[PDB]
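Next comes just one chain, in structure tokens: the form deposited in one PDB entry.
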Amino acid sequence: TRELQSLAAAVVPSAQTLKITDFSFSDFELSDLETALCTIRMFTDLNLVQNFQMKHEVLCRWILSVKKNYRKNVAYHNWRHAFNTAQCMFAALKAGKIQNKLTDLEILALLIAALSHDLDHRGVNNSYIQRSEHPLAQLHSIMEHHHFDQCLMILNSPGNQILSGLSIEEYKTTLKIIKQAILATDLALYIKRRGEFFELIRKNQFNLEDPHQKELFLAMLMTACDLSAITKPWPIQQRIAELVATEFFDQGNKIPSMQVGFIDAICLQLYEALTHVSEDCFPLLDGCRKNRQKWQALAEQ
């Protein structure tokens, strides 16, 4: 409650001041409270506070509840990863001008989903807890369903209901988009569905007015921001790879070639496709290409 008193009383600096419009954004120098103020600015500058009549105190309480339900003893899959994913979504909507291709309910759900998509992640080497639970459902996007459960629980918690200003129809619609968006962060679903996305772009058939292609695009965008650490400037990306390695190996050199393979198999084609959708998202592809060059030079020793 003392952290809530400081956050609700602080003046939120502008998006430019907070540098959240830049694809190169990094959070290493920010306090936890500073990350919360940037998150308020994301809601504010996307007009989510205005169009959906969000009480200031409820938004702050919701942001702090989301933050507290990430585990800091997890080296990468923590609150800062979710905060950065949301920042990339904000930068993609603003700096990439994607914002005008989507409705307010879709933008509202994407921001919420980005912030919530990894809630209560226990670390890649602690998947035994989600097996003590659901001992039969182990051989399903097991974790992404749990992440949405966590998100929904927080959205419904007293004093935390940032969607109370929505009508019941807008709420059901928003909840559905949130659910699909969080579930899309399952890389298996990404690999399963990315092929249809690429051929649509390749054949120049990509149609945002198609309800199926709009949903497909929302999934790809969630993956793009989820993995956006791979696009950051070289000093940032080196630090993130350190965090990924700690969670993976130390439950908290082979890394260069692992990063190059990850860029090739997963990342490069997605950011290539996204630039065909909007050339203003090119910095993500450019940053990813530069990082591959750096890791590959190290990989060759």
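So that the term is clear: the rigid core is the largest set of C-alpha atoms that superpose within 1.5 Å between two forms. Residues carry their position along the shown sequence, with the first being 1. Residues that one form lacks are left out of the comparison.
Q: Can you check if, in at least a third of the other PDB entries compared, residue 111 has no modelled coordinates?
A: No, residue 111 has coordinates in all the other entries compared.
Q: When the other structures of this protein are compared, and only where the residues around it are present, is residue 84 absent from a third or more of them?
A: No.
Q: How many missing residues of the deposited sequence lie between residue 139 and residue 140 in the entry, grouped as none, 1 to 3, 4 to 9, or 10 or more?
A: Per the deposited record, the segment joining residue 139 and residue 140 lacks coordinates for 1 to 3 residues.
Q: Can you say how many deposited residues have no coordinates in the span between residue 252 and residue 253, choosing none, 1 to 3, 4 to 9, or 10 or more?
A: Unmodelled stretch: 10 or more residues.
Q: Quick check: 96-104 versus 111-119, which has the larger average CA B-factor in the record?
A: In the deposited entry, the stretch with the higher C-alpha B-factor mean is 96-104.
Q: Do the CA atoms of 223-231 or those of 124-132 have the higher mean B-factor in the entry?
A: Result of the comparison: 124-132.
Q: Per the PDB entry, which option out of 79, 171, 198, 90 has the greatest Cα B factor?
A: In the PDB entry, the greatest C-alpha B-factor among 79, 171, 198, 90 is found at 198.
Q: Comparing residue 36 with the other modelled residues of its chain, is its CA B-factor in the lowest, middle or highest third?
A: For residue 36, the deposited C-alpha B-factor lands in the lowest third.
Q: Is the Cα B-factor recorded for residue 240 in the lowest, middle or highest third of its chain?
A: Residue 240: CA B-factor falls in the middle third of its chain.
Q: If you rank the chain by CA B-factor, which third does residue 85 end up in: lowest, middle or highest?
A: It belongs to the lowest third of the chain when residues are ordered by C-alpha B-factor.
Q: Among the chain's modelled residues, which third holds the C-alpha B-factor of residue 48?
A: Residue 48: CA B-factor falls in the lowest third of its chain.
Q: Tell me, lowest, middle or highest third: where does the Cα B factor of residue 180 rank within its chain?
A: Tercile = lowest for this residue's CA B-factor.
One more form of this protein, deposited in another entry, exists but is not displayed; see below.
Q: Where does the C-alpha shift reach 2 Å or more between this form and the one not shown among 180, 164, 173, 127, given a fit on the rigid core?
A: The residue that shifts is 127.
Q: Distance change of 3 Å or more between the C-alpha atoms of residue 118 and residue 125 in the other entry: closer or farther compared with this structure?
A: Those two alpha carbons end up closer in the other entry.
Q: In the other entry, the Cα separation between residue 130 and residue 64 changes by 3 Å or more relative to the shown form; did it shrink or grow?
A: Between the C-alphas of residue 64 and residue 130, the gap widens in the other entry (3 Å or more compared with this form).
Q: Could you point out the stretches of 3 or more consecutive residues whose C-alpha atoms all move by 2 Å or more between this form and the one not shown when the rigid core is superposed?
A: 125-139 is the only stretch that shifts between this form and the one not shown.
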